[PDB]
Amino acid sequence: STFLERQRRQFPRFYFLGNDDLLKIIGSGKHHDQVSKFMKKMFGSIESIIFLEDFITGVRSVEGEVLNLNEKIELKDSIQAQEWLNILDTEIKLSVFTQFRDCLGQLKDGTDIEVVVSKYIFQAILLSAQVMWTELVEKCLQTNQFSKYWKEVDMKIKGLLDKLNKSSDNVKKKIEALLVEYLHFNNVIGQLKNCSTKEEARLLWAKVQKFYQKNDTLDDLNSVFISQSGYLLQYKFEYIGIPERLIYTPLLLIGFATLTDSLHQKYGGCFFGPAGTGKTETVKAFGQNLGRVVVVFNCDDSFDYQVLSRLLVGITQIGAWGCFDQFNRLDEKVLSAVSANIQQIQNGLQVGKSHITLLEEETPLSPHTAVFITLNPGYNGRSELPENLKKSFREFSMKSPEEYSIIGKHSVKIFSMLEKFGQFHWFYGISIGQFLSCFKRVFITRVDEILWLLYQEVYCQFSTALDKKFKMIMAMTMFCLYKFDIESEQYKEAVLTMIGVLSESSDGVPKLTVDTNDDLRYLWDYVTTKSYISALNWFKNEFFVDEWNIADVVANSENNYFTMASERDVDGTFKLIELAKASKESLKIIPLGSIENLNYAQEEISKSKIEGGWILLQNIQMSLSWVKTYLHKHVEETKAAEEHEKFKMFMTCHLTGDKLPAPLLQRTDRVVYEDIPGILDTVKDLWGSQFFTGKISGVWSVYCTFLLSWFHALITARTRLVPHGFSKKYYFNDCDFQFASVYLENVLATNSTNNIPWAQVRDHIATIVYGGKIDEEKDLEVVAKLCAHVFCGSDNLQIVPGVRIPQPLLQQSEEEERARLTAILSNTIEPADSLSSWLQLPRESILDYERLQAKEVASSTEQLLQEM
């Protein structure tokens, strides 16, 4: 097998074939004709190789087109397959470049397309026509003679139309393949002619793919490159034959822009959407436009995970592009292993490691490899990526074009309410041992005292593990369970009808009671004003309990494991920074990444528990498969007081996502970090991170970064409001800030200091950087109207109603501008209606959002009370 593996190392195309076909290729090398049958597997484009019994004349595609090589390959008896196969591999690329420069030279010498089509292959005439078209339209953008070139292209279209009907079946597909491109050229010229000035013309021209050539290269295979929206991509001269061409449409060019934007930062491209929209067809057309044969990987179609790993190592050596067609339909073990392999490939690309460990095999990594993931529509909604791949890919939305008996009767009801919280969500679990342990704390009219102190202890202990909504549900429910048994029925009817006014079950206005005005009438006063936060918090204020902070639970409880799950909006690391510094411990941050990260993690765990330093495990959800194998057995069983005295461990989880194992989650204490910072606070937090690395481009980049910080804080502020604003909850990370900042530096580095690029930057942000995840067009219009407000502006912007941002001065001092923007952030005062004033949605929508969450809380507590 080692002889075969070394043979694969000599010729990396052999990875695609397999054992059985390769044994015949190695054996039958003398006869030389049987190898041609396997060539479609190891090339993908061509079908068979033509011989003249002495040399190789050329190769033919799967369609029938014959390609003739320049230098013929000699054959003898004492020769191996790898030698002539490598000579053929380089020779077809040189013959493609030869016919390309010959086509371009003939076309430059005023020739007809009809004579050229009958003589040169399709790919050469396609690339040469694209180069001459963009070359003449670049000077046409200055001279503004679109009609002159429009009539010539229309005459060439009609000339190829008359030659199409009088054409044989072989050349007919070549002619159709050139007409779809010529219709795209005419459509672009037609859109450019109707523009008002050069501004719309350059905004339109930035999105169209431009094919340029290098004159001073002397490195012929790397001469032609492709520019789009400011990014460059090198054309590889790989033979593609005559593939079918999609109709050029705006959404196809948007998909091409998303792919080149992800590839510019060496990020993996991936897009979900309903089936039948042409995801893989778009990826293959993107590869054909750059002269690449995209290898497609079938999913869940009688494929064994072994051959997939052989194809991944082979595509990682050749430097070809791989597309995972319909990735969602996979088994959990195969999906986990392939997602791990994709994580290693993308991390090796981003970092730049020459050699990577795949299949426990050391192997070189060519920098040209790329992986794309198409996702069929899910059944709970749209399908999603595994947690490990989210931080490495860029998603796109692609569519079509007797004292103890009275104690006990209350106790079993309290435990039942907490049990219904445990069946509602997997994180809100509770066992009976914790209930008795919390019950022991109550000691350190006797019934009338111990019952009230028990209610205070239950709300003081178990509230920290629940989120704000369930906190208010538990507070109102326990207040009802206490007051219904002690007081009379009139108190029950008044509180029940007021809860039914908070909900929409039954609205009545009874008499309050008689001389109970001091005890009540306050919730009625909050009801008649339609204010929901004070009315929901009155039940909490009745407890008279200091709300336990996370510091109080970690200090008070005596345990070594804690898991604080939270939404993707915030992270509990910064709270641990101050809490561990206040406790004067330390704070390891062990990230759970790849297999090397896992080995370093288990090493640091096994040493840190003995040393006693605190450690943190960020994003435990992505490595949950490793958790149930190793971490579960490790931390499930308590060992002794050696680890209890010094060591304490923290784990960061996410509420929305995969479910953690039940014994590990029940063993550890649970907290939910739910502290949401303000808009101005998020602006200062994003602005503070910028001067660490520094800005070297120019003074305008400081201003663009300040505008991007305000834009990111306003989208994140609108994200939380689910019924009003965004249709559903879209998650935005700092990767969008990184991609928008790099696009801003790219547009500022290549353009003069005029105010013009603000036409094309805004759409790029609202459609690619931030508009990528969004699928509903209404939310895309919200992001568009917000970015149109934050960017366009002359000497006065007034993003928020109070503050106005002036343009940078002539002095061009970047440190003075940094001090000016910090002074302009210090003078501001955040108003009380900032959620309604800074965001352009009206305040009545804010009141409607509060009414909806109050209705959900009142309905859930009424339902919980009726069952018991």
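Each value, and the rule that gives it
- Residues numbered from 1 in each chain as written, not as in the entry; some residues may be left out.
- Heavy atoms only, no water.
- Buried < 20%, exposed > 50% of the residue type's maximum accessible area, 1.4 Å probe, protein only.
- Helix = DSSP H or I, 4+ residues; strand = E, 2+ residues; numbered from the N terminus.
- Pairing = 2+ DSSP bridges.
- Salt bridge = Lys/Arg side-chain N within 4 Å of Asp/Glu carboxyl O.
- Axes fitted to C-alpha atoms, helices over the stretch in contact; angles between N-to-C directions.
- Disulfide = S-S within 2.5 Å.
- 1 Å grid on protein atoms, 1.4 Å probe; cavity = no way out; pocket = protein on both sides within 12 Å on 5 of 7 lines; lining within 4 Å.
- Points joined across faces, edges and corners; volume = space filled by probe spheres on them.
- Nonpolar A, V, L, I, M, F, W, Y, C, P; charged D, E, K, R; others polar.

In its metadata, the entry names cryo-EM as the structure determination method and reports 3.7 Å as the resolution.

Participant: Please give an account of the pairing of strand β13 (residues 393–397) that cites residues and values.
Facilitator: The buried fraction of β13 is high, at 5 of 5 residues. Neither face of β13 is open: one carries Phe 393, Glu 395 and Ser 397, the other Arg 394 and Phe 396, and all of them are buried. Taken together, the 5 bridges between strand β7 (residues 268–272) and β13 define a ladder with parallel strand orientation. Within β13, the residue paired with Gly 268 across the bridge is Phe 393.

Participant: I'd like a rundown of the pattern of salt bridges, residues and numbers included.
Facilitator: Taken as a whole and assessed by the stated rule, the structure comprises 27 salt bridges. Here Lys 390 and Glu 395 are joined by a salt bridge, their closest N and O atoms 3.3 Å apart. Given a relative accessible area of 15%, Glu 395 falls into the buried group. Here the salt bridges share partners, and the residues they tie into one network are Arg 382, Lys 390 and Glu 395.

Participant: I'd like a description of the sheet that holds strand β2 (residues 56–61), backed by residues and values.
Facilitator: Taken in spatial order, the 3 strands make up an open sheet running β1-β2-β3, and their pairing is antiparallel. One side of each edge strand has no neighbouring strand; the edge strands of this open sheet are β1 (46–51) and β3 (66–68). This sheet shows a mean twist of 30° between the axes of neighbouring strands, independent of strand direction. Bridge analysis of β2 against β3 gives 3 bridges, and the strand direction is antiparallel. Bridging from a neighbouring strand, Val 59 pairs with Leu 67 of β3.

Participant: Quick one: what's the story with the state of the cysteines, residue by residue and with numbers?
Facilitator: What the rule picks out here adds up to 0 disulfides. The closest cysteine sulfur to the non-disulfide-bonded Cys 787 is located on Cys 792, 9.2 Å from its own sulfur. On the basis of relative accessibility, which here comes to 3%, the residue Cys 787 falls in the buried class.

Participant: Give a description of empty space enclosed by the protein that names residues and reports values.
Facilitator: Remark: the empty space left among the atoms is shown by a probe the size of a water molecule rolled over them. By volume, the largest cavity is sized at about 100 Å³. Together, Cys 704, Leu 707, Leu 744, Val 747, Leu 748, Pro 757, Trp 758, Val 761 and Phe 791 line the largest cavity. For the lining of the largest cavity, the elements supplying multiple residues, two or more each, are α29 (699–719), α30 (734–749) and α31 (758–769). In terms of residue class, the lining of the largest cavity is made up of 9 nonpolar, no polar and no charged. Its boundaries defined by the atoms lining it, the second largest cavity holds a volume of some 80 Å³. Along its surface, the second largest cavity is lined by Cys 103, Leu 107, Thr 111, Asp 112, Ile 113, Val 116, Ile 125, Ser 128, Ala 129, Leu 178 and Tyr 182.

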